[PDB]
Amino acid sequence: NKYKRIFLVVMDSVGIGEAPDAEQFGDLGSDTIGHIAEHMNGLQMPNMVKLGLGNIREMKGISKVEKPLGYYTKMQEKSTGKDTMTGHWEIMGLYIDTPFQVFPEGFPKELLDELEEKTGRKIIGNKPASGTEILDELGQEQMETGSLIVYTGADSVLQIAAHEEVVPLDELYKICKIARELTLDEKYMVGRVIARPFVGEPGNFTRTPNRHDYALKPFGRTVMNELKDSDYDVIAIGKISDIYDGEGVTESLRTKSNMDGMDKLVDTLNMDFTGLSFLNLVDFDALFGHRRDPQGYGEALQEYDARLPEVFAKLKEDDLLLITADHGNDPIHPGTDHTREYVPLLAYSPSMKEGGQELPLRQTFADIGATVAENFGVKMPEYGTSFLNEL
């Protein structure tokens, strides 16, 4: 192997400006990092700058450097959708024609009618809502009637809440499996069906640790599958295992925040493995992008940047660090949906003694998967062109 270990970091939703097809998605004008930099009156990300972030694109407080630490470019998304699953599945070598759907006005009558028909249960709610707020609103009715609270949010999710002492947990799980099957349908394709059991009483409801998430498997066998099948390590950190429904994962590390995600990355740097360590930093998307909160987003990016020097200190000569994103989620943009943007790519190894240079623009996210696959001598993905030899 050229590299013994590859550390891949997805800064979730950290877009670097509207993609060529942004108009199709209602994303003209989008610019995640650039708009945040303007709001912050200059972002402070000196470590990303040292890697060559500004060499990709200059933004307020983010300037180019004469000798970037590693190689740099951006990537263009080829798949139809701008959701997390699409972005990640493409990154690991796939092409996804069918986009996952979001439901700002709730789910179509047709879908909920069939779910009622298959379960013998009534559905209430059917709207975007905070999980805790909707419990306050409808939890009592749910308890008295045995109906199901169905709701959604800014992401591609169908969530089903029911009181544990009214609807048995195993019945809630069965219902969610039925919903998961019904939503394998392009008309209502949801990324995730989530069981949301709760306990307590009106004015005092608590959601239990018995949450279960029902994901779809990637529409193809990924570079992660190939690594695992060839006996390499594939360490998933944060949402990564869930995003791929565990496909090709050899160890999974749960995280609670971006800072915790950087701690787990450091943990993997301390491990003797051969293969891939794959981190998703999800706070950017979950707390700041969808909430259209550029101040929180800017602070999170600065908190993340401050962690990088320890990562640089731990990387070995035969380690490669890859930093990218899976789409945009511009916190100064209409609505609450993701944005169709280019994503940054930074590629750094301490063995790059003269620093890096500009890579040709990546025409699909799958170029990352192809690079990983070629490095480890496993079956090349169908899509994507490796940049391994450029490094």
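Numbers follow the displayed sequence, beginning with 1.
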| item | value |
| --- | --- |
| Mean Cα B-factor comparison, 62 to 70 or 46 to 54, giving the higher one as deposited | 62 to 70 |
| Mean C-alpha temperature factor, higher of 371 to 379 and 9 to 17 | 371 to 379 |
| Residue selected from 328, 344, 331, 355 by maximal Cα B factor | 355 |
| Out of 261, 298, 220, 128, highest CA B-factor residue | 128 |
| Residue 32 - Cα temperature factor, lowest/middle/highest third of chain | lowest |
| Position of residue 285 among the chain's modelled residues by C-alpha B-factor, lowest, middle or highest third | lowest |
| Assigned third (lowest, middle, highest) for the C-alpha B factor of residue 187 | highest |
| Residue 163 - Cα temperature factor, lowest/middle/highest third of chain | middle |
| Assigned third (lowest, middle, highest) for the C-alpha B factor of residue 175 | middle |
